[PDB]
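As C-alpha cells, one chain now follows by itself in the form deposited in one PDB entry.
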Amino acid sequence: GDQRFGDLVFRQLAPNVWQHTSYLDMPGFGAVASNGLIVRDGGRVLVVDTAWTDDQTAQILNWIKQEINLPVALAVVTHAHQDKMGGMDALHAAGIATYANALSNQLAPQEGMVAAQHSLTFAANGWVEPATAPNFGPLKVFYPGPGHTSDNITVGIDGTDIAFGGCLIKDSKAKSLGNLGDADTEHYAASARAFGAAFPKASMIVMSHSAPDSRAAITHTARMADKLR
C-alpha cells in the first residue's frame, strides 16, 4: 500500500484521500517521517501540510500531477514547525493559495518558516470562521486549543471517517508526546480531548509522526498530556 515516489511515500486512505509522507534526518531523532493529506474534491485537489522541504513539496506536486492530474486549489498547514510548513515556498512558486492559523503566520518568521498567504481565524467554539476558509470543500478546520504548540489546528474530511490531528496527536502505542518545546503543558490534555469531541464520528485518526490509528490515539495522547500538568 505504500507507494514509493523518490524519497516520499504515498498511501491511499479512502477513494479521494491520500497520505503523503516525507522524511528528514534530524540529528538525535533519526530519519523522522511526517505525514500530511491530499484530497480530491471534484475537479480540484486540496493539500494538508507541506513536506519538510521545498524540494520534497515540489515532489508532492509532481506525484499529484502524475496520479490525479487536477489543479491544486489550496493548501492548509497545521502549525509553524518545519514538518508542516517547511515547503511553503514551493507551493507559492507553483501558484497555490496557502492558508494557516493567523497565529501560525504570526509565529512563522521567528520559527524559521515562510508564512502562508491567508490567515484563518476561529470562533470561540474552535470552528474556523467560514469567511477566512473560503472554498475549502470537504475540509472542516478546527482549533482545539493550545497543545503541541499554541497555534496547532486540525482538519476533518467530510464524506469520510478521517480526521487529521497533525502533531497534536500521537499513536496509541507512542512512548512520549515528542517535541514539547513549544507545548502548552497546562492545556494540552484538554485540547487533545477537544479534537476528539469535534470529530466524534472519525474512526481513522491521521497524525504527523505515526501511521493512521483508531480513536485510542486520542485518549492515549490525552493521558500522556495529563502527566504534563
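The term rigid core refers to the most C-alpha atoms you can superpose between the two forms while keeping them within 1.5 Å. Sequential numbering from 1, following the sequence displayed. Residues that one form lacks are left out of the comparison.
- For the segment pair 155-163 and 136-144, the entry gives 155-163 the higher mean B-factor, averaged over Cα atoms.
- The PDB entry records a higher mean C-alpha B factor for 217-225 than for its counterpart among 17-25 and 217-225.
- Residues shown: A197, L168, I64, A33. Highest C-alpha temperature factor in the entry: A197.
- Among the modelled residues of its chain, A58 has a C-alpha B-factor that falls in the middle third according to the deposited record.
- Remark: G86 belongs to the lowest third of its chain, ranked by C-alpha B-factor as recorded.
- Ranked by Cα temperature factor within the chain, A102 sits in the lowest third according to the deposited record.
- For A192, the recorded CA B-factor ranks within the middle third of the chain. Only modelled residues enter the ranking.
- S150: CA B factor lies in the middle third for its chain, per the PDB record.
The next section is about a form of this same protein that is not shown, the form deposited in another entry.
- The comparison between this form and the one not shown, aligned on the rigid core, picks out a single residue among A58, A190, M26, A174 whose CA moves by 2 Å or more, and that residue is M26.
- Segments displaced between this form and the one not shown are 26-30, 110-112 (runs of at least 3 consecutive residues, each Cα moved 2 Å or more after rigid core superposition).
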